[PDB]
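Coming up are structure 1 and structure 2: the same protein chain in two forms, each one given alone as structure tokens.
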Structure 1
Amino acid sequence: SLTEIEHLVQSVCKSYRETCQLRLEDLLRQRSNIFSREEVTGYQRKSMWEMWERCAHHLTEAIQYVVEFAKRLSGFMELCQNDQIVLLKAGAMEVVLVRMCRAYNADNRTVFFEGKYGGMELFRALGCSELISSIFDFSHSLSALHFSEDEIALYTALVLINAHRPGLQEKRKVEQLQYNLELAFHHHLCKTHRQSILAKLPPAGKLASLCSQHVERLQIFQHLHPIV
């Protein structure tokens, strides 16, 4: 029934809001708080390692929130441990990149980072100009689409609940959940006259994979660097 679909939509939105670190209202409010040129130079002078240490700690923190998101989804806990993990491995980082568009401000090309917004220059110490620049462009594109909270919640749900991931044991159960999500999302897109938006999405697979690699590089080589 139509009412049943709506229960699913509200439920997915509930769980997404519950597992966002800051409420979207708060992110928008704090757009005004902007790093001064001196604070920017503060970050720019840090060592490569220190900057990646901080960045990876935040990448990690976001992934954990994405895991919480999955826990609160309708059929996800019912899946076997193997499946829960397979889906999170394949999709968690991509979810993190989508959730990031919320914290990006398109007006001034700046991003929430550790209490205040600042530009791309804030991350010079990381050294990976091509990668950082791409993460900015990706977020810029998503912002241009003006995804609402509901659209992000449902789309990120579908990023996780994908039935074609190699390694899944209970493929059918996962199809059941994915199909119900595509049903609810399709209905929501129809009522809001937003059917075409998913065509406009920029590709996120290569980018998320690079972020995962950087996160892993830091865990592997921690003994070579200072205690944290």
Structure 2
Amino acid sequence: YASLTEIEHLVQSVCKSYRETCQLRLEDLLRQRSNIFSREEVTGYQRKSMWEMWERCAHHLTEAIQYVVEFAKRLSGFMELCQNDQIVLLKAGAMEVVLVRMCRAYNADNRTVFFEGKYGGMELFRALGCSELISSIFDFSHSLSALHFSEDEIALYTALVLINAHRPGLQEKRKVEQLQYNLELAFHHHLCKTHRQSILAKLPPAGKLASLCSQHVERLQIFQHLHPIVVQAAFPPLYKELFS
């Protein structure tokens, strides 16, 4: 892009796509912070079977991914890429975007996340048998939350998470690069304008998101090997398309 007016238009446009595609409004999440699972409800979650809690989490991830697909669809540049590259970007990026969007549902004051109508701590997911992954996700959401990420910042940051020209498989790499660089300009322009450039150094390191995605795939492979019929019969087709 040439001149601040085109960069600023991009900023507004990305922010709007984000707002239209966020699954939950931020104030609905904040208004729920006192609604916390009782110890008896926690125990109830801990006693659920591994396979049932996997299914539930997969369903919830699938719904979050659907909103990310709509996000990508509303970024003009994205829909200008060829279909192969759309899919490449979404298969590598969708989970990473959800993982970023989850910080909004995380309360750093008590280390809880909004899940199925109330806030609960990481002990809520014990039945999954992936304590390392869960703990890493909670830690990631705590990092971002410490930054006090604004809605506008999440918009712009998650547009960049998705439009990543380093994804293996991209055919029009140069085109993705151009889009990535215009979105980087937009993000950094907005940071500069809002006096928020101090967060650049505090953003999680490159590959952190990749590490969570790969743990997620690795824990999935173990679960699937234990319960292959559950995955086939009861995991969402989109989920399996992105991760199996």
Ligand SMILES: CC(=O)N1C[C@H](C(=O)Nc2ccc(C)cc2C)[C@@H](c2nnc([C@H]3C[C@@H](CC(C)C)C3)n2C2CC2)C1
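Under this definition, the rigid core comprises the largest set of C-alpha atoms superposing within 1.5 Å between the forms. All residue numbers here follow the sequence of structure 1, with the first residue given the number 1. Shifts are known only where both forms have a C-alpha.
Note that the form solved in complex with this ligand is the one shown as structure 1, not structure 2. Once the cores line up, the CA of residue 23 ends up less than 2 angstroms apart between the two structures. Once the rigid core is used as the reference frame, the Cα position of residue 9 differs between the two structures by less than 2 Å. After superposition on the rigid core, the Cα atom of residue 164 is displaced by 2.1 Å between the two structures. Taking the core as reference, the Cα of residue 88 moves 0.8 angstrom between the two structures. Relative displacement of the residue 223 Cα between the two structures on rigid core alignment is 11.5 Å.
Displacement of the C-alpha atoms by 2 Å or more across three or more consecutive residues between the two structures, following core superposition, is confined to the single run 201 to 228.
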